[PDB]
Amino acid sequence: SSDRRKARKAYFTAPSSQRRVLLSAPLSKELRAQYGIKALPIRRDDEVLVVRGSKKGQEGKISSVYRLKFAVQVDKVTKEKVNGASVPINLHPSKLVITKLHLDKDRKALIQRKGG
Amino acid sequence: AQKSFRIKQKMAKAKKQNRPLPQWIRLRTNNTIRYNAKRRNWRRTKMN
Amino acid sequence: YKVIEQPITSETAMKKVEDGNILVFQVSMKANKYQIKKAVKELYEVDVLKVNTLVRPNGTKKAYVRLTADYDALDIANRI
Amino acid sequence: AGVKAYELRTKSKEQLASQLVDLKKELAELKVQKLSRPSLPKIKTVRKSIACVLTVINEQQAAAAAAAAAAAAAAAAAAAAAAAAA
Amino acid sequence: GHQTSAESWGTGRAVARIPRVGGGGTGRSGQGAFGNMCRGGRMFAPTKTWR
RNA sequence: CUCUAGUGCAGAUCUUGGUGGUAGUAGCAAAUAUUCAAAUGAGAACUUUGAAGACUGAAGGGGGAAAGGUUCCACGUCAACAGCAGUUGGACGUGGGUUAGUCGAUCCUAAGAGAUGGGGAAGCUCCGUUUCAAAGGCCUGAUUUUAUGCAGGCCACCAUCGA
RNA sequence: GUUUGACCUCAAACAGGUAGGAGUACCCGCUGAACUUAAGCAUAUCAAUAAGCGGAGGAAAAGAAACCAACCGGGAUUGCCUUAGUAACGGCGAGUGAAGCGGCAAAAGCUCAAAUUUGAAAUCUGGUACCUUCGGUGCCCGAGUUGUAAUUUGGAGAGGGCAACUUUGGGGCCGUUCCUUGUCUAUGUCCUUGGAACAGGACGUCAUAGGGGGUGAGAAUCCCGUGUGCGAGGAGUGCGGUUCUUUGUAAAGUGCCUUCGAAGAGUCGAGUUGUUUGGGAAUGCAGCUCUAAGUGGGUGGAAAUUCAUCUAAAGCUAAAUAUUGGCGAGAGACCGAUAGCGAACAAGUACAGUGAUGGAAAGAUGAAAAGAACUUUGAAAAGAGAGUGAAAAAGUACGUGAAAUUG
RNA sequence: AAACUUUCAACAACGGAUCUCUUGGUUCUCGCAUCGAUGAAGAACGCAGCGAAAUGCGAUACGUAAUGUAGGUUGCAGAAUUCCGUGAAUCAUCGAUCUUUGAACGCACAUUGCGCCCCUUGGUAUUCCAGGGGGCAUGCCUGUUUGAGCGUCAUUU
């Protein structure tokens, strides 16, 4: 209901079906103007960009997507380590926007199923 | 004493739990204290 | 339940196979003296005399697998 | 991984006799892996060939069982009427 | 408030006549729900749905 | 712009906890002397080793059962923690070792008690077990085998449980 | 000797199915108390309940007249509003305290006999024999038709047969509804101070959806969702419509002919007690023991007597209603780590008690961990330069910070 | 005399409140509403590149299978290994799953230990054990094989 913690309850112990969707980020403007869709879920080999933030409007990709954590590693947002290893580094995917959507087998038929 | 059958693995369970507090605990918290309440000491508590 | 898990192959089983004959085993718990001996006899390929039992405070029952004279000891233990 | 469920059901009893014995031949290696430190790229194949060979063997039991006759005996089809006691 | 038991005892040990510690009782006072001046006992006017 | 409630703190030898107080004071564990040299080291009265003495020897020697249950052991650490130091510990952490027909784990008698069924009676429970029961010998019939095993007929002379 | 059988009393082993337990609340029944109040006080009263045990179910549990009104009239159980502190009881002291009538909600009714004394063609049953595997065959116990009527007695009130078939049921088909899966979620971009814009400034649209929460800062348009439309695939649990048999069997309506019927005894209640405060005390109700009639017996708070009214002592039945162990959604003048669920966090886990059990300490960086390379001093601790980064005036024991304590 | 003593200022230091916080309530409102011998709720002890250990699994062990869903590799995790880029595999369902042990249950016992009666199957010297399977004497109920007393008291001898 109207509740902070008890609304977050559903988000926290969300099933794996809902955790597909809750790996969310918006779509870019020429993806909306191509299709129609608001957001679509976020996966590994998508080209990404940072919306709100100091990392402002830079090019990136995603390295890893994680299931329970929700947070994704972002390629090109790269710092080192104390030992000196150039790693992709974490961000929560709300701070991101994807520029790639693939066509594939029948994601082609997902986005244009019965409603679309 | 002479031990029976179903005493032995209750005692084995107790001496297995005589190991330290799990080290996974303060990877979730990081540093901040989480203290626990069981194990067994030899001088003090016996088993059930 | 069922009888045999595996041998226990620490440095202790490398004492009592060179000198004192046996293969030290760590089987299941309700696996008695008769059951363990004939189960070794079919499985491993060795003839077996008195096989003994002892449970530690770890809960697991050991078995003391004594062999016959025509068979070996070292080429009985190290086959796996 | 090893064999598979839906394939075992569509077998015949003449083939399932071979499945029982020849699947648990590799099981001898799996117990040796526990002793020599386990590792999932060898040790992971230890589960479903207990009942999945026996239940598909008991397809020939259950589908033949509806042609019995006598009195007395229970465990076969007797504890089926539990949620039909009322 | 009746989720603890704490008894009277008086002098001879370090607790009062007030039900503070007895059959348990850390910061859970009262025999039943007793002691509003005691913290974790009862309230003065415990609010009710009946009123 | 006005209506509503668990609505003003100094106190029942009270209540939730830290901190103050005597106080760095006493205590520092029943009067079985200790002296001297070394090994190792950052540090040595204490670990460990040598020289030497006090001391006990119907126990400071030896050694099993109940009860407990791996505390022994080797490996390994000096942080927390030991009425002090500390090179040390069962604290701390990890694994191993315990092989019986053979030493204990049974029948019947005592203290004493149990299991089961129906009744007397309001239950508890007492009672029945004492005749069958339980166990054994002899005879007959059908089936099968290297053997076997079963069913029927016949035998009065005994009957509760635990060191 | 010996030959041949029925009922009372009233068994044991093989062999298909069927079942155990873990649990909360709701109700009915039974052995069945008390702290207390009249400031006290054995019999008012805590009370037919706790606690313990038994019984029934998914709802429990009740009920269709041996009723009220009062000559005007009406007709089950159950819940609610009027009612009622009235009508009565209790040192008339605390206290307890109905019924009837009108209105509102949701309201349909049935199983047993001329008792019983009960037996066969066939129907048809509990147990059980042969066959020896639920299939085929046989006997006794027996239920009414039926083969066929009485016993103990009585009336003029009233019933039954016969014919036409129809409806229910069963079978077949369709429509409606429910469940599940699957999909589009509308509406948005610019500019600027800047570390980030959800503020401010500029221009539009959806809105049915502007409740909500999450989002690097205030949100309709950034996200998760919602309103609203759409693909079909299964199911009979409900509801509606249609079709077949008049169902070789069971009931009702319609129409015609001909003629006459009943009763449940350990109960009614009783010497006496009592589950009821026995008081003149109904009823509810039967301990010890016995015990009554169907133009006759019973309800209506004394009896003679009269009027209106009901017909037990066998049995069954829907809802208005009570309640939770599990799951989801929404909200209430409803908290923000001393509150509240035991517990927001490895809280039953370092621990303590033989012991269902008691049970503390306990929350925390940023955008990105990049969680300090490198250099230099000291023995580790500790002390300084230097880098990373938006800021290091964010340095890992990571918010704001006071005092005793303490320079 | 400012050590010992007291106050102020400047410069800080050992302790540490409250509130905005917050995958946690409470209370109230609407709609549905338990599992189990085919082995319940629950413990034991196994199953990783490295491993204290979350989380899943548990003699085809981070699963197991058919179909609709492009980049998979849960968590501490950085990294390493291995496969693919317009038909990798993700998620709902159905089917597979059911180690030991708890109702627990071959049976006594002090839960994760541990031994009896019977059948089947295998090996071996007659014998004994093993591989494995089952029940009111683990609750109840039925059929079949097949039993007795005694009376009102039978048919014939």
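List of remarks:
- Scanning the stretch C:65-80 for residues that are of a type outside the set (A, V, I, L, M) and over 20 Å from D:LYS34 (Cα atoms) gives C:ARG66, C:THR68, C:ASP70, C:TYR71, C:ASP72, C:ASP75.
- Screening A:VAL97 against (1) assigned to a loop (DSSP other than H, G, I, E, B); (2) more than 6 Å from RNA strand H (Cβ to nearest atom); (3) touching a residue at least 24 places away in the same chain (Cβ under 8 Å) leaves a single unmet condition, (1).
- So B:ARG19, is it more than 7 Å from RNA strand F (Cβ to nearest atom) and away from chain C (no Cβ under 11 Å): no
- Residues in the stretch C:4-39 that are closer than 27 Å to B:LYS3 by Cβ, away from every other protein chain (no Cβ under 12 Å) and of a type outside the set (D, E, K, R): C:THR12, C:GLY20, C:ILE22, C:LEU23, C:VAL24, C:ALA31, C:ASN32, C:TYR34, C:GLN35, C:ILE36, C:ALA39.
- For the stretch A:73-94, residues that are of a type in the set (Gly, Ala, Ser) and either under 21 Å from A:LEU31 (Cα atoms) or not in a loop (DSSP other than H, G, I, E, B) (or both) total 1.
- Those residues of the stretch E:19-33 which are assigned to a loop (DSSP other than H, G, I, E, B) and either more than 8 Å from RNA strand F (Cβ to nearest atom) or among the basic types (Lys, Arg) (or both), in sequence order: E:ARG20, E:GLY23, E:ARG28, E:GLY30, E:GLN31, E:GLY32, E:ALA33
- B:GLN2 vs. criteria closer than 24 Å to C:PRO57 by Cα, among the polar types (S, T, N, Q), surrounded by 13 or more Cβ atoms within 10 Å (Cβ to Cβ) and out of contact with any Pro (no Cβ under 6 Å at 6 or more places or on another chain): no
- For the residues A:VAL65, A:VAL50, A:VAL87, the requirement of being away from every other protein chain (no Cβ under 14 Å) and more than 9 Å from RNA strand G (Cβ to nearest atom) singles out A:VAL65.
- Any pair with Cβ under 7 angstrom, 6 or more apart, that starts in the stretch C:15-34 at a residue that is within 22 Å of D:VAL32 (Cβ to Cβ) and ends at one that is of a type in the set (S, T, N, Q): C:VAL24/C:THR12; C:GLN26/C:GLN6; C:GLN26/C:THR60; C:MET29/C:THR60
- Criterion: surrounded by 12 or more Cβ atoms within 10 Å (Cβ to Cβ), near RNA strand H (Cβ under 10 Å from one of its atoms) and under 11 Å from the mean Cα position of the chain (by Cα) - qualifying residue of A:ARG44, A:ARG107: A:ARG44
- For A:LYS79: the one exception among (1) surrounded by 10 or more Cβ atoms within 10 Å (Cβ to Cβ); (2) more than 10 Å from RNA strand H (Cβ to nearest atom): (1)
- Filtering the stretch B:16-35 to residues that are out of contact with any helix residue (DSSP H, G or I) (no Cβ under 9 Å at 6 or more places or on another chain), charged (D, E, K, R) and over 13 Å from C:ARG56 (Cα atoms) leaves B:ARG19, B:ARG26, B:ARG28.
- All conditions in (1) touching a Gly at 6+ places or on another chain (Cβ under 9 Å); (2) part of a loop (DSSP other than H, G, I, E, B) hold for A:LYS105, with the sole exception of (1).
- The stretch C:40-80 - residue that is within 14 Å of chain B (Cβ to nearest Cβ) and not in a loop (DSSP other than H, G, I, E, B) and, of those, surrounded by the most Cβ atoms within 10 Å (Cβ to Cβ): C:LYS61
- Single unsatisfied condition, D:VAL46 versus (1) more than 14 Å from chain C (Cβ to nearest Cβ); (2) closer than 24 Å to C:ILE80 by Cα; (3) surrounded by 13 or more Cβ atoms within 10 Å (Cβ to Cβ); (4) within 16 Å of the chain's Cα centre (by Cα): (1)
- Residue that is within 12 Å of another protein chain (Cβ to nearest Cβ) and farther than 18 Å from C:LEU54 by Cβ, where the choices are B:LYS46, B:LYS8, B:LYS38, B:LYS13: B:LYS13
- Residue tally, condition of a type in the set (D, E, K, R) and not in a loop (DSSP other than H, G, I, E, B), over the stretch B:1-24: 5
- When D:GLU59, D:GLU26, D:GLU7, D:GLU14 are screened for being under 30 Å from C:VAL40 (Cα atoms) and acidic (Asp, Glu), only D:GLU26 passes.
Quick note: the coordinates plus some simple rules give every number you see, no bench work behind them. All Cβ positions, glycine included, derive from the backbone under ideal geometry; neighbour counts span all protein chains shown.
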